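J.: Below you'll find the structure I mean.
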Ligand SMILES: Oc1ccc2[nH]ccc2c1
């Protein structure tokens, strides 16, 4: 489909130019006011900030260099920033600035006030198939884009999908994203979403993203993921088993697509066959999807999140507000030279 071919060729050209000459050091911390903590983790946080001169709001991801090193995430954090500064797609959150200081790494991203898909899904219970399909189509196109650039995303889950002011998806958190020719081996992701070949410590490829899409679509339409249990090891046993149970309310088309995405044999899994993404795009479950209209954001969304303005934090939850401390001495300078 020459139109798609030429689109992806241009996309790769533009990505490669930025990939080979990454931007660095494009703002500093005291250009911003701190507003609110939007999320936390073992080695970083995300803050709502306001730029003091323009008044624009942003989501600032702050990574503690010493904790990144301790938790063996050095290459991953370098991956995240190098990839984010080089990509450009309607459903990827934009990196606006990055910089580092003696203690931390900073990625300043567009602020998406609608919150995580996770919150909306848990609030409503489950999405109707048209609603799930609207979001799934955006992920399909996003993975078509990323995979053409030799990128694997490796962290698809509802918490990483923000809903924007038009009700479209913005993918965030490229902490496990990686440029991979051939195979890669790192154990990473979230247990419920891991493909069998990750669990079994194999060399794996982009097929793991298509498996995760199967998990996401199931969870969106059912309200719960297909492989669920108290301990990860019990989850992993279900994932590798080759068995999935579908709610009776699922359409036959949905069940058929999901059996082909949740295919334990990665050599038979949709997205990893000779026809690539088109086995998914042409599946009957997507028969009502106008792929170009989705890309162009011309489809009316299933819902618009409720929020009062670009500074509204109501769709995110409350965390202890901790200091952003910057040591008087540089930490881990060598490890993060390229950031
Ligand atoms: O706009 C954004 C971007 C990344 C994020 N991570 C957590 C909240 C959040 C908001």
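One-based numbering along the chain as shown.
The backbone N, Cα and C atoms fix where each Cβ goes, and this holds for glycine too.
Feature list, courtesy of Swiss-Prot:
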- 32-286: domain 'Protein kinase' (DOMAIN)
- 37: phosphothreonine (MOD_RES)
- 38-46, 61, 110-116, 157-160: ATP binding site (BINDING)
- 128: phosphoserine (MOD_RES)
- 155: active site, proton acceptor (ACT_SITE)
- 184: phosphothreonine (MOD_RES)
- 186: phosphothreonine (MOD_RES)
- 319: phosphotyrosine (MOD_RES)
- 327: phosphoserine (MOD_RES)
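What does the local environment look like for each feature on the list?
T.: DSSP assigns residue 37 (phosphothreonine) to a strand segment in the three-state reduction.
Taking a C-beta cut-off of under 8 Å and a sequence gap of six or more, residue 115 (ATP binding site) has these contacts in its own chain: 162, 163, 305, 315, 316. Under the three-state DSSP scheme, residue 115 (ATP binding site) falls in the coil class.
Every protein chain shown contributes to the tally, and the Cβ of residue 128 (phosphoserine) ends up with 13 other Cβ atoms within 10 Å.
For residue 155 (active site, proton acceptor), other Cβ atoms within 10 Å of its Cβ number 20. Classification of residue 155 (active site, proton acceptor) by DSSP places it in coil, neither helical nor stranded.
In this structure, residue 184 (phosphothreonine) is part of a beta strand by DSSP.
Residues within less than 8 Å, Cβ to Cβ, of residue 186 (phosphothreonine) and separated from it by at least 6 positions along the same chain comprise 76, 176, 178.
On its own chain, residue 319 (phosphotyrosine) has 37, 38, 39, 40, 45 as residues at least 6 apart in sequence with a Cβ closer than 8 Å to its own Cβ.
Within the same chain, residues at least 6 positions away in sequence whose Cβ sits under 8 Å from that of residue 327 (phosphoserine) are 102, 103.
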J.: Where does residue 319 (phosphotyrosine) sit in the DSSP three-state scheme?
T.: coil
J.: Using a 10 Å cut-off, grab the number of neighbouring Cβ atoms around the Cβ of residue 158 (ATP binding site), all chains included.
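T.: The Cβ of residue 158 (ATP binding site) has 18 Cβ neighbours within 10 Å.
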J.: Specify the nearest of the recorded positions 128, 155, 184 to residue 44 (ATP binding site), where nearness means the distance between Cα atoms.
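T.: That would be 155, the closest of 128, 155, 184 to residue 44 (ATP binding site).
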J.: Under DSSP, is residue 128 (phosphoserine) part of a helix or a strand, or is it coil?
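T.: The residue in question, residue 128 (phosphoserine), is coil (DSSP, three-state).
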J.: Which recorded positions from the list 38, 44, 115, 128, 186, 319 come close to ligand 1, meaning a Cβ under 6 Å from one of its atoms?
T.: 38
